[PDB]
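A short write-up of the structure that comes next.
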Amino acid sequence: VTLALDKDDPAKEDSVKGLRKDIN
Amino acid sequence: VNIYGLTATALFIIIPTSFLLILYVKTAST
Amino acid sequence: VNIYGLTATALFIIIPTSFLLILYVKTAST
Amino acid sequence: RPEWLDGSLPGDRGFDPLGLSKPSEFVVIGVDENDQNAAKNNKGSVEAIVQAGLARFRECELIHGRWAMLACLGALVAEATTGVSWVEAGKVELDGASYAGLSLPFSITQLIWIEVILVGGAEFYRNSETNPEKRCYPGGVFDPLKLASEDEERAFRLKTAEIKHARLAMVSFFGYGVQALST
Amino acid sequence: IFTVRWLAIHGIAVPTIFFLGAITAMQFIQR
Amino acid sequence: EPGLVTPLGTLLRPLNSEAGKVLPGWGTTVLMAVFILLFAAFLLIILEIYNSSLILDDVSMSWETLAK
Amino acid sequence: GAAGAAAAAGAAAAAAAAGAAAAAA
Amino acid sequence: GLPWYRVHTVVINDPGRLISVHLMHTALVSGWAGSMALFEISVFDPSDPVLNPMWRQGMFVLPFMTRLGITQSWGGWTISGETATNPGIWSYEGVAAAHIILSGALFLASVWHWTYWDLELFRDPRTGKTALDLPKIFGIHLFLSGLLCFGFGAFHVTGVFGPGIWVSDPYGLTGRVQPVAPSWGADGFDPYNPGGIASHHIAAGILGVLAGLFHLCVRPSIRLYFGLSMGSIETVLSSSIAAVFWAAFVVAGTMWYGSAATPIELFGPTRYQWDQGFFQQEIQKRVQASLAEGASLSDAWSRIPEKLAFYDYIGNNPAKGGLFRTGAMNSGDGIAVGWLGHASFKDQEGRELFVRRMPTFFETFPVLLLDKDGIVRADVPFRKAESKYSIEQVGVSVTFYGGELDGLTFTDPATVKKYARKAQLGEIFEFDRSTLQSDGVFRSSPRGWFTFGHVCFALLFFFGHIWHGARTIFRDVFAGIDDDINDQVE
Amino acid sequence: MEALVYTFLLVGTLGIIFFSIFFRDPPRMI
Amino acid sequence: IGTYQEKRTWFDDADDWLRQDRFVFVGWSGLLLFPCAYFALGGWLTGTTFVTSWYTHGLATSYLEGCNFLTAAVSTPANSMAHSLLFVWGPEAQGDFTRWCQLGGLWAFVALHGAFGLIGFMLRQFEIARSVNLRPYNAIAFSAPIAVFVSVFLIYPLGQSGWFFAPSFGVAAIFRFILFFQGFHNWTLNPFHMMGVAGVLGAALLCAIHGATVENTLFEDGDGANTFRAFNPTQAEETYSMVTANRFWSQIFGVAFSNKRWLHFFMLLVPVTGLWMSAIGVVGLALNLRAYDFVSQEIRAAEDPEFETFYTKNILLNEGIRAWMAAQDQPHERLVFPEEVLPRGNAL
Amino acid sequence: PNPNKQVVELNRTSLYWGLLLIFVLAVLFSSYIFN
Amino acid sequence: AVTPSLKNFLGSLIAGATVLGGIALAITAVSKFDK
Amino acid sequence: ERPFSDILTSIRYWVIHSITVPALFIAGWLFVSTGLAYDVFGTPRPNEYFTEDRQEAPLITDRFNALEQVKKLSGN
Ligand code: CLA
Ligand code: CLA
Ligand code: CLA
Ligand code: CLA
Ligand SMILES: CCCCCCCCCCCCCCCC(=O)OC[C@H](CO[C@@H]1O[C@H](CS(=O)(=O)O)[C@@H](O)[C@H](O)[C@H]1O)OC(=O)CCCCCCCCCCCCCCC
Ligand SMILES: CC1=C(/C=C/C(C)=C/C=C/C(C)=C/C=C/C=C(C)/C=C/C=C(C)/C=C/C2=C(C)CCCC2(C)C)C(C)(C)CCC1
Ligand SMILES: CC1=C(\C=C/C(C)=C/C=C/C(C)=C/C=C/C=C(C)/C=C/C=C(C)/C=C/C2=C(C)CCCC2(C)C)C(C)(C)CCC1
């Protein structure tokens with residue numbers, strides 16, 4: 001349903017998962 | 001109203017108040 | 001452990017301690 | 001080539017890339033005034049130029065190399081006879097004390113007390129001498145075969161024999177230090 | 001003349017007139 | 001007026017002996033400046049690893065270093 | 001553009017002429 | 001006579017009273033260390049190391065004893081959560097006593113050096129006045145420094161003879177004192193590697209010995225004697241105060257950013273772990289490790305340690321505090337008792353919802369419930385007169401997984417708003433505001449308090465470097481300038 | 001309770017103002 | 001030289017050229033000041049004129065964009081650069097100058113060369129005071145602008161989530177950093193800023209009083225109505241009656257200076273003690289150790305719905321600053337607030 | 001017989017600055033200490 | 001191996017020497033022949 | 001020698017600074033009016049703030065990959 005990336009995007013959005021590799 | 005702040009106020013008065021009174025009455029008698 | 005006795009002990013020390021220190025350091029410099 | 005060497009010495013060569021044994025001049029600065037009761041305190045002045053330890057440096061190579069010659073000759077044969085690495089001694093001697101396979105009765109705590117009394121007091125007696133040729137080369141019981149009757153101040157080199165073997169034994173134990181942890 | 005007093009003023013004055021020509025042309029950039 | 005002589009005071013006496021004595025000229029100052037600039041270069045190594053400004057492939061530079 | 005350089009080169013040659021109009025005097 | 005701010009300069013001229021006056025300061029510092037360690041042991045609650053650890057209780061110097069191996073006590077308890085069968089002599093109370101016994105020994109030594117100030121050691125030969133050979137004195141103390149540095153690194157940290165330091169996992173769950181091996185590659189400069197600490201103190205200890213042997217033998221240059229004013233005992237003070245604020249910025253910097261020398265099981269998490277979603281990502285990494293292998297929700301959220309969910313909480317963030325919000329972190333929100341579950345939010349269209357967490361800046365923050373793709377779907381509105389994102393109309397229910405409320409659902413629009421405002425603070429926990437009579441607003445960890453002192457000290461010691469460097473270079477004009485000094489104009 | 005402490009600190013500050021004016025160390029000329 | 005007469009090396013040939021009494025003094029510090037201070041001023045005047053902030057901040061900050069002197073700035077990097085030093089050879093910029101400007105790296109160009117410029121200027125006035133053989137009090141006073149600069153521009157963002165929350169170098173850009181600290185830190189309430197106000201606003205009083213007390217107790221040393229002509233700086237006597245000045249304020253204000261040396265040191269002391277205390281408060285705000293709340297008045301105002309003070313009014317105004325700017329002040333958060341969730345009074 | 005013996009002096013104007021300083025800091029900070 | 005971040009960093013310490021040397025070279029050129 | 005008032009009143013100062021000073025003003029005029037200032041510093045022109053991909057403010061949001069991302073945010 002939800003990836004761990006787009007669960008930490010709507011909750012924190014400063015996340016080290018969400019910030020790196022964000023050229024896509 | 002805490003035990004800290006009521007006696008921290010009294011120690012910050014009297015320990016530097018009397019220290020300055022020790023040095024003044026020393027000096028004013030010279 | 002009351003608010004009275006913990007600071008009544010500290011005032012009965014420091015107010016006569018420093019009073020005697022005011023008179024001694026006055027005297028020991030003369 | 002250096003000029004402050006090459007005479008009355010076994011290793012008569014100017015190897016020094018930097019001149020560690022160079023006798024340098026000295027100038028003595030006066031002590032700065034720190035009295036508060038003066039109005040001005042000055043930063044001191046040049047007072048005394050002084051004209052000016054090769055004797056001290058000769059003693060200190062000789063001690064290091066002779067400990068190295070006891071170390072290099074002692075690590076090859078304890079690896080040969082016993083069959084344990086020279087780094088492993090201490091790990092296997094805390095468990096069981098031995099010498100050439102023969103069990104010894106001493107706790108490891110006693111070895112601290114034995115070594116600081118025996119080796120320590122002998123080190124306290126070596127620096128109890130005030131003659132730098134006697135400090136480098138003593139007499140007495142340490143010369144049972146009488147080297148001291150034989151001269152070396154001329155081209156005779158009867159003293160220049162431990163000093164080369166002291167040098168590479170420090171190096172071969174330095175080669176043991178680059179081999180122990182790394183390889 | 002290349003002295004210290006010459007390099008002090010013309011370190012300041014030469015880019016100042018360069019940017020004052022730049023900022024003046026920005027007043028006439030409409031969009 | 002001589003000072004107070006003590007057994008530890010004379011054991012330590014030649015350590016407080018040559019006060020005020022210096023080499024003439026510059027001595028090892030140029031040797032010092034090589035060691036200052038290497039340590040200035042060394043402090044720029046560890047400043048940028050910890051800032052992730054110089055990146056080494058061997059380091060992790062994270063709390064994930066505690067794993068491996 | 002061009003007119004920002006045309007009136008610029010005009011006073012580049014006018015102040016060169018007016019700077020020489022008092023330099024000849 | 002002297003002013004009040006100049007009284008301690010009676011010691012600048014005689015070295016014997018300088019021993020005696022540093023001995024009294026050293027007796028007071030270790031006298032504080034034992035007295036603070038006795039105070040912290042007398043108030044420490046070792047019952048729950050998982051959910052009420054030492055950084056949660058306001059312990060400041062107890063994570064410094066525990067950092068270098070002291071894990072056991074004379075009350076039976078340990079830090080890892082077991083009984084000490086042999087506490088030894090180096091307990092917490094043994095070290096708290098070893099600093100007080102040292103405090104009285106340094107006290108008596110200071111009384112000795114105050115009376116016997118006029119030692120012959122302090123007078124140099126053939127001038128007879130009090131003098132100190134500060135280049136060699138530095139060479140002695142740098143030699144002892146690198147000897148202790150190499151001793152601490154090769155023996156204490158490496159575990160060759162000493163116990164070792166604290167090493168934990170990346171996520172603060174499994175942490176002990178165990179020996180480390182030195183790491184001599186590029187990996188030793190990663191400051192989250194504990195092996196670089198042992199590899200530091202060996203390499204810096206050996207070089208500090210070799211540098212100490214230099215400054216014992218090689219006298220300084222004359223041009224560098226005057227230019228650094230080596231003949232004064234204050235040019236070593238200015239350069240040492242310069243050394244200790246440099247150190248205090250590094251020390252408070254690595255405390256705030258986190259390092260291998262600052263574990264989070266001792267000092268708490270950092271503010272950059274809440275901001276960058278450090279524990280939240282791992283909590284999601286372990287749920288998705290279980291939902292992919294085949295498991296339920298409530299059986300996957302039960303497999304997460306209750307200690308890991310406690311790091312993922314805004315109240316343990318060190319930057320959610322106040323300057324005069326004094327005391328333990330337990331005095332703010334309460335003592336944590338149990339993890340209350342994982343609040344999962346769904347609306348009436350069967351869509352999951354995710355509470356936008358409170359950022360570290362915000363004292364208050366509006367509660368927002370975002371979807372998978374990051375679009376706000378529900379909130380607790382401020383104006384409720386004509387709303388279009390209210391929880392009441394969107395129909396937000398909340399279900400928990402794991403914890404004390406496992407398998408329990410709440411659809412009441414008053415109840416859901418209560419747990420939505422707790423879910424922006426992190427994982428949901430149950431506290432008690434009656435054990436310590438908690439205020440209700442958070443505090444900062446010892447990681448934040450240590451950093452506050454050691455940047456305020458590092459900044460005030462910048463000024464003391466400026467003052468004491470100026471009093472050496474301008475020593476001759478301290479009492480005023482000369483009368484004919486008008487030659488400095490044209 | 002704390003308002004008693006607040007007024008004592010305000011009365012004490014106004015006391016020093018009274019002594020600093022009417023019992024100041026008088027500037028001696030020459 | 002050195003009263004032992006060695007031969008001059010190339011240092012002495014460099015020391016006397018630097019320490020030359022020319023028009024502008026260079027000195028040894030000028031090898032640090034004049035390259036760094038020219039690039040802080042040159043970086044600021046270039047960044048306010050040409051360099052955008054459309055990528056780091058999502059907002060225009062240069063004259064070429066349309067901004068004027070008040071709204072143009074050299075803006076901070078994005079929160080995605082964390083505390084990156086943003087070297088132009090760095091891992092973010094990687095040599096390209098036109099992207100280094102777009103990545104806000106020209107902020108850290110100004111901030112670092114400005115920081116080593118302040119070291120170069122403070123060493124300048126140790127170096128001149130040792131040439132002139134004065135006392136070093138001009139440098140010790142400049143520790144307080146360095147205490148302010150380091151604690152705000154360097155120490156504060158290192159404790160926060162990045163260089164983003166630094167002040168940008170502008171006029172309106174400082175003004176939001178000021179309004180950021182009210183809304184988020186309640187920085188008026190912090191007692192270190194209160195000692196910072198009383199130092200700054202008390203040195204302005206001492207500047208205006210000592211200027212006016214001197215200028216109105218002058219001795220009649222000339223004939224004309226211009227009193228500025230009746231002075232020669234090589235005169236040995238005071239130019240104004242200190243005794244009249246003392247008797248004036250001892251009867252107006254009740255307390256006056258009688259010591260001229262204590263007066264001018266007190267003028268030295270008040271702005272320096274004021275800025276060093278306020279620098280400690282910004283060090284406290286780097287860790288968000290705020291003096292935000294009086295908890296005894298929050299417990300009362302939550303248990304009593306009619307207890308209103310000017311304090312609780314200030315707490316409500318900070319909630320207004322926080323929610324209404326942070327959708328645009330912090331674009332890295334990517335928080336969208338629907339208009340019904342922001343706080344709002346009646347009919348505004 | 002230490003030659004480094006000095007005396008501290010404190011005139012009444014410095015008494016009045018010192019007593020004022022520790023009461024004004026107590027006026028300032030105790031509002032935060034009592035919280 | 002060597003990363004490009006280390007290549008640009010070591011290139012900066014070369015460029016930091018050609019800057020700091022050339023500032024030092026300019027003050028030992030004016031010191032000698034006075035231009 | 002030359003104390004700042006025999007320079008400004010000298011005519012040889014103004015036979016220099018009535019030629020180099022206007023040609024430097026024009027050099028600053030043409031640095032921006034030829035659009036070169038938009039290229040050197042990377043500031044966007046008033047028709048370059050919003051491409052067709054985005055109609056919002058840019059957001060860098062990535063540390064080590066920002067160099068090629070700002071090329072994609074600008075639209076190049
Ligand atoms: C040898 C005796 C001894 C021993 C074994 C200990 C042991 C301990 N002390 Mg105690 N202490 C002692 C003496 C001792 N102390 C004395 C004499 C004092 C008074 C000064 C204190 C004051 C003291 C305090 C105030 C505290 C301790 C604490 C501690 C504990 C942790 C130490 C720690 O983390 O420090 C960390 C140490 C360092 C980071 C060292 C800093 C040195 C810097 C990095 C070196 C820089 C200068 C150097 C010369 C540079 C050159 C290097 C190279 C080139 C040579 C530990 C149980 C802590 C604790 O938990 O106690 C309750 C604590 O808070 N101690
Ligand atoms: C191969 C051997 C080896 C190894 C693996 C290490 C490993 C390490 N060393 Mg050691 N070191 C060694 C040999 C070694 N060292 C030797 C031979 C020396 C010479 C004696 C040193 C001297 C040394 C020093 C002096 C320091 C280290 C530090 C470190 C750590 C670097 C990572 C870190 O914590 O960064 C963190 C440190 C930094 C990023 C340093 C940057 C310094 C900044 C610029 C200071 C800022 C203050 C300044 C006044 C700026 C103004 C304030 C600002 C807010 C504006 C790490 C443990 C550092 C350390 O212990 O950190 C905890 C440290 O400070 N080492
Ligand atoms: C660098 C030093 C340092 C650091 C970081 C800490 C850190 C800590 N201590 Mg420890 N402590 C220290 C030194 C230190 N301590 C010393 C030297 C003592 C001996 C007096 C103590 C005695 C001590 C006790 C007895 C307790 C703590 C506690 C605490 C914790 C709560 C912090 C707190 O409430 O701050 C409070 C911070 C402030 C109020 C801000 C200070 C700002 C300035 C200094 C105010 C001064 C202004 C003004 C002039 C004062 C006049 C006002 C007047 C009315 C008094 C924290 C872990 C508590 C704890 O949690 O223990 C479990 C606790 O009960 N500490
Ligand atoms: C290693 C640190 C260190 C050392 C040894 C000294 C030593 C000295 N300083 Mg320096 N100084 C330092 C740091 C240091 N200072 C710092 C950090 C600053 C910036 C604030 C200064 C600013 C400074 C000035 C401005 C002056 C000195 C002066 C002096 C001399 C006399 C001090 C005196 O009589 O105080 C007497 C102090 C008192 C009677 C009471 C002070 C009480 C305050 C409020 C502190 C409270 C004590 C507290 C419990 C301890 C906590 C301290 C903390 C660091 C742990 C002496 C040589 C004086 C000097 O050079 O004389 C010519 C002088 O004028 N110092
Ligand atoms: C009620 C007000 C509000 C309360 C404020 C509480 C805090 C007060 C803080 C300030 C305390 C005083 C600071 C030091 C003053 C000083 O040194 O003066 C110096 C002068 C010396 O002047 C000389 O005194 C000589 C007499 S003698 O030398 O002192 O014997 C005299 O002959 C000569 O003319 C004269 O020049 O002292 C005097 O003139 C009289 C002695 C003052 C005694 C101290 C008073 C203490 C306060 C008690 C007030 C009641 C408190 C309880 C009720 C609330
Ligand atoms: C004689 C003797 C003895 C005893 C000893 C003892 C008992 C000791 C103690 C000691 C002690 C008991 C000490 C203590 C100390 C303390 C201290 C020293 C403290 C200090 C404090 C401070 C310093 C503070 C500061 C501050 C403030 C003011 C506030 C806040 C901030 C700060 C932190 C800055 C015995 C019997 C054993 C035997 C031997 C001999
Ligand atoms: C950045 C950078 C760089 C480059 C360059 C530079 C450095 C430049 C500089 C520049 C500069 C240095 C500039 C300047 C400018 C100035 C200006 C722009 C000014 C203006 C002014 C004005 C505008 C004024 C007006 C007025 C007033 C207000 C007063 C008087 C009158 C009048 C009206 C006129 C480098 C390479 C290094 C590196 C990278 C970065």
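Identifiers for the structure tokens are assigned positionally: chains receive A, B, ... in sequence, residues are indexed from 1 per chain, and ligands are indexed from 1 in the order shown.
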
Closest contacts (region 75-194 of chain H/region 38-57 of chain F, max 9 Å, only C-alpha atoms) as CSV:
```
residue,atom,partner,partner_atom,distance
H:186,CA,F:56,CA,7.6
H:187,CA,F:56,CA,8.8
H:189,CA,F:46,CA,6.6
H:190,CA,F:49,CA,7.1
H:191,CA,F:50,CA,7.3
```

Could you dump the residues just selected with N, CA, C and O atoms as a PDB file, in the first residue's frame?
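As written to disk, part-v3.pdb reads:
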```
ATOM      1  N   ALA H 186      41.136   4.970   6.660  1.00  0.00           N
ATOM      2  CA  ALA H 186      40.324   6.177   6.602  1.00  0.00           C
ATOM      3  C   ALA H 186      39.110   6.091   7.515  1.00  0.00           C
ATOM      4  O   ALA H 186      38.560   7.129   7.890  1.00  0.00           O
ATOM      5  N   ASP H 187      38.709   4.878   7.902  1.00  0.00           N
ATOM      6  CA  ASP H 187      37.539   4.666   8.743  1.00  0.00           C
ATOM      7  C   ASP H 187      37.726   5.194  10.154  1.00  0.00           C
ATOM      8  O   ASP H 187      36.735   5.394  10.860  1.00  0.00           O
ATOM      9  N   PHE H 189      38.569   8.090  11.063  1.00  0.00           N
ATOM     10  CA  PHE H 189      38.210   9.490  11.164  1.00  0.00           C
ATOM     11  C   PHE H 189      36.717   9.722  11.028  1.00  0.00           C
ATOM     12  O   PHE H 189      36.265  10.859  11.172  1.00  0.00           O
ATOM     13  N   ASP H 190      35.954   8.683  10.743  1.00  0.00           N
ATOM     14  CA  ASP H 190      34.519   8.697  10.939  1.00  0.00           C
ATOM     15  C   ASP H 190      34.277   8.767  12.438  1.00  0.00           C
ATOM     16  O   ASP H 190      34.617   7.814  13.146  1.00  0.00           O
ATOM     17  N   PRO H 191      33.711   9.853  12.968  1.00  0.00           N
ATOM     18  CA  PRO H 191      33.578   9.993  14.421  1.00  0.00           C
ATOM     19  C   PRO H 191      32.474   9.159  15.037  1.00  0.00           C
ATOM     20  O   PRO H 191      32.303   9.210  16.257  1.00  0.00           O
TER      21      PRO H 191
END
```

Could you fit chain C onto chain B by least squares over every C-alpha atom, paired in order, and give me the moved chain as an mmCIF file with N, CA, C and O atoms, in the first residue's frame?
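Heads up, here's the output in part00.cif:
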```
data_model
loop_
_atom_site.group_PDB
_atom_site.id
_atom_site.type_symbol
_atom_site.label_atom_id
_atom_site.label_comp_id
_atom_site.auth_asym_id
_atom_site.auth_seq_id
_atom_site.Cartn_x
_atom_site.Cartn_y
_atom_site.Cartn_z
ATOM 1 N N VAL C 1 7.854 29.056 44.265
ATOM 2 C CA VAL C 1 7.316 28.527 45.508
ATOM 3 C C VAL C 1 8.061 27.228 45.805
ATOM 4 O O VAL C 1 7.917 26.632 46.875
ATOM 5 N N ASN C 2 8.879 26.804 44.844
ATOM 6 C CA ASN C 2 9.675 25.599 44.997
ATOM 7 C C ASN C 2 10.766 25.798 46.049
ATOM 8 O O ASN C 2 11.089 26.919 46.451
ATOM 9 N N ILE C 3 11.336 24.680 46.498
ATOM 10 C CA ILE C 3 12.390 24.752 47.503
ATOM 11 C C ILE C 3 13.671 25.304 46.901
ATOM 12 O O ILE C 3 14.488 25.895 47.610
ATOM 13 N N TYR C 4 13.865 25.126 45.595
ATOM 14 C CA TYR C 4 15.066 25.625 44.939
ATOM 15 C C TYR C 4 15.045 27.145 44.830
ATOM 16 O O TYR C 4 15.925 27.829 45.362
ATOM 17 N N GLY C 5 14.031 27.689 44.154
ATOM 18 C CA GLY C 5 14.025 29.090 43.773
ATOM 19 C C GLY C 5 13.875 30.061 44.918
ATOM 20 O O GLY C 5 14.338 31.199 44.812
ATOM 21 N N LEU C 6 13.237 29.646 46.008
ATOM 22 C CA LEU C 6 13.124 30.536 47.152
ATOM 23 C C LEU C 6 14.450 30.667 47.886
ATOM 24 O O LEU C 6 14.759 31.739 48.416
ATOM 25 N N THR C 7 15.257 29.608 47.913
ATOM 26 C CA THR C 7 16.552 29.697 48.564
ATOM 27 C C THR C 7 17.688 29.983 47.588
ATOM 28 O O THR C 7 18.758 30.404 48.028
ATOM 29 N N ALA C 8 17.487 29.789 46.282
ATOM 30 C CA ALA C 8 18.485 30.258 45.328
ATOM 31 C C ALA C 8 18.458 31.772 45.216
ATOM 32 O O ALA C 8 19.502 32.394 45.007
ATOM 33 N N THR C 9 17.273 32.370 45.356
ATOM 34 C CA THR C 9 17.164 33.820 45.437
ATOM 35 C C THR C 9 17.867 34.353 46.678
ATOM 36 O O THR C 9 18.596 35.347 46.605
ATOM 37 N N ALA C 10 17.688 33.682 47.819
ATOM 38 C CA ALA C 10 18.296 34.151 49.057
ATOM 39 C C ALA C 10 19.807 33.957 49.062
ATOM 40 O O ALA C 10 20.527 34.767 49.651
ATOM 41 N N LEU C 11 20.310 32.907 48.414
ATOM 42 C CA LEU C 11 21.754 32.735 48.334
ATOM 43 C C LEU C 11 22.392 33.670 47.322
ATOM 44 O O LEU C 11 23.518 34.122 47.539
ATOM 45 N N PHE C 12 21.707 33.971 46.217
ATOM 46 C CA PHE C 12 22.252 34.930 45.265
ATOM 47 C C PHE C 12 22.209 36.351 45.807
ATOM 48 O O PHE C 12 22.929 37.219 45.312
ATOM 49 N N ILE C 13 21.375 36.626 46.800
ATOM 50 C CA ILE C 13 21.484 37.907 47.478
ATOM 51 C C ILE C 13 22.649 37.881 48.452
ATOM 52 O O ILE C 13 23.653 38.564 48.248
ATOM 53 N N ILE C 14 22.579 37.006 49.455
ATOM 54 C CA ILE C 14 23.345 37.198 50.681
ATOM 55 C C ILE C 14 24.811 36.824 50.501
ATOM 56 O O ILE C 14 25.694 37.457 51.089
ATOM 57 N N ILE C 15 25.108 35.829 49.672
ATOM 58 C CA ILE C 15 26.502 35.446 49.453
ATOM 59 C C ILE C 15 27.248 36.540 48.679
ATOM 60 O O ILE C 15 28.369 36.870 49.084
ATOM 61 N N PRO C 16 26.709 37.180 47.620
ATOM 62 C CA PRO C 16 27.415 38.351 47.076
ATOM 63 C C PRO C 16 27.197 39.655 47.824
ATOM 64 O O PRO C 16 28.057 40.533 47.702
ATOM 65 N N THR C 17 26.079 39.837 48.540
ATOM 66 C CA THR C 17 25.891 41.047 49.346
ATOM 67 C C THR C 17 26.957 41.155 50.415
ATOM 68 O O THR C 17 27.657 42.167 50.520
ATOM 69 N N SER C 18 27.096 40.108 51.207
ATOM 70 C CA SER C 18 28.007 40.118 52.329
ATOM 71 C C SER C 18 29.459 40.082 51.906
ATOM 72 O O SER C 18 30.290 40.662 52.603
ATOM 73 N N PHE C 19 29.774 39.413 50.793
ATOM 74 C CA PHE C 19 31.109 39.488 50.205
ATOM 75 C C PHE C 19 31.514 40.920 49.890
ATOM 76 O O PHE C 19 32.651 41.324 50.157
ATOM 77 N N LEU C 20 30.603 41.700 49.317
ATOM 78 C CA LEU C 20 30.886 43.103 49.062
ATOM 79 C C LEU C 20 30.925 43.906 50.350
ATOM 80 O O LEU C 20 31.657 44.895 50.438
ATOM 81 N N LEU C 21 30.155 43.498 51.355
ATOM 82 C CA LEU C 21 30.226 44.167 52.645
ATOM 83 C C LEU C 21 31.509 43.829 53.382
ATOM 84 O O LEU C 21 32.009 44.653 54.151
ATOM 85 N N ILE C 22 32.044 42.623 53.176
ATOM 86 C CA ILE C 22 33.347 42.272 53.734
ATOM 87 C C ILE C 22 34.432 43.155 53.136
ATOM 88 O O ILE C 22 35.313 43.642 53.849
ATOM 89 N N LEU C 23 34.348 43.442 51.839
ATOM 90 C CA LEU C 23 35.404 44.230 51.221
ATOM 91 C C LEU C 23 35.241 45.720 51.464
ATOM 92 O O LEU C 23 36.237 46.446 51.492
ATOM 93 N N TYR C 24 34.012 46.198 51.639
ATOM 94 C CA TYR C 24 33.821 47.624 51.865
ATOM 95 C C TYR C 24 34.225 48.042 53.271
ATOM 96 O O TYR C 24 34.951 49.026 53.444
ATOM 97 N N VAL C 25 33.743 47.325 54.284
ATOM 98 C CA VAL C 25 34.026 47.693 55.667
ATOM 99 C C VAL C 25 35.503 47.462 55.991
ATOM 100 O O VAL C 25 36.079 48.152 56.842
ATOM 101 N N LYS C 26 36.145 46.520 55.293
ATOM 102 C CA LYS C 26 37.604 46.448 55.256
ATOM 103 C C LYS C 26 38.219 47.742 54.745
ATOM 104 O O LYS C 26 39.188 48.250 55.319
ATOM 105 N N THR C 27 37.657 48.295 53.674
ATOM 106 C CA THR C 27 38.254 49.434 52.994
ATOM 107 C C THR C 27 37.929 50.742 53.693
ATOM 108 O O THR C 27 38.805 51.596 53.855
ATOM 109 N N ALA C 28 36.682 50.905 54.141
ATOM 110 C CA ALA C 28 36.234 52.138 54.776
ATOM 111 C C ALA C 28 36.859 52.368 56.144
ATOM 112 O O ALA C 28 36.740 53.473 56.682
ATOM 113 N N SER C 29 37.505 51.358 56.719
ATOM 114 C CA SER C 29 38.217 51.523 57.973
ATOM 115 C C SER C 29 39.676 51.885 57.762
ATOM 116 O O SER C 29 40.329 52.347 58.703
ATOM 117 N N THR C 30 40.193 51.690 56.556
ATOM 118 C CA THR C 30 41.572 52.016 56.241
ATOM 119 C C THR C 30 41.758 53.524 56.136
ATOM 120 O O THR C 30 40.788 54.271 56.015
#
```

Under the rule of at most 10 Å, produce a per-residue listing of chain G near region 10-17 of chain M: chain, number, name, the closest pair of atoms, and the distance in Å, as JSON lines, using only C-alpha atoms.
```
{"residue": "G:15", "atom": "CA", "partner": "M:15", "partner_atom": "CA", "distance": 9.9}
{"residue": "G:16", "atom": "CA", "partner": "M:15", "partner_atom": "CA", "distance": 9.1}
{"residue": "G:19", "atom": "CA", "partner": "M:15", "partner_atom": "CA", "distance": 6.6}
{"residue": "G:20", "atom": "CA", "partner": "M:15", "partner_atom": "CA", "distance": 8.5}
{"residue": "G:22", "atom": "CA", "partner": "M:15", "partner_atom": "CA", "distance": 9.7}
{"residue": "G:23", "atom": "CA", "partner": "M:15", "partner_atom": "CA", "distance": 8.2}
```

Set the cut-off to 6 Å, count only C-alpha atoms and all ligand atoms, and list whatever residues fall near ligand 1 as a PyMOL selection string. chain H and resi 26+29-30+33-34+37+61-62+64-65+142+145-146+204-205+208
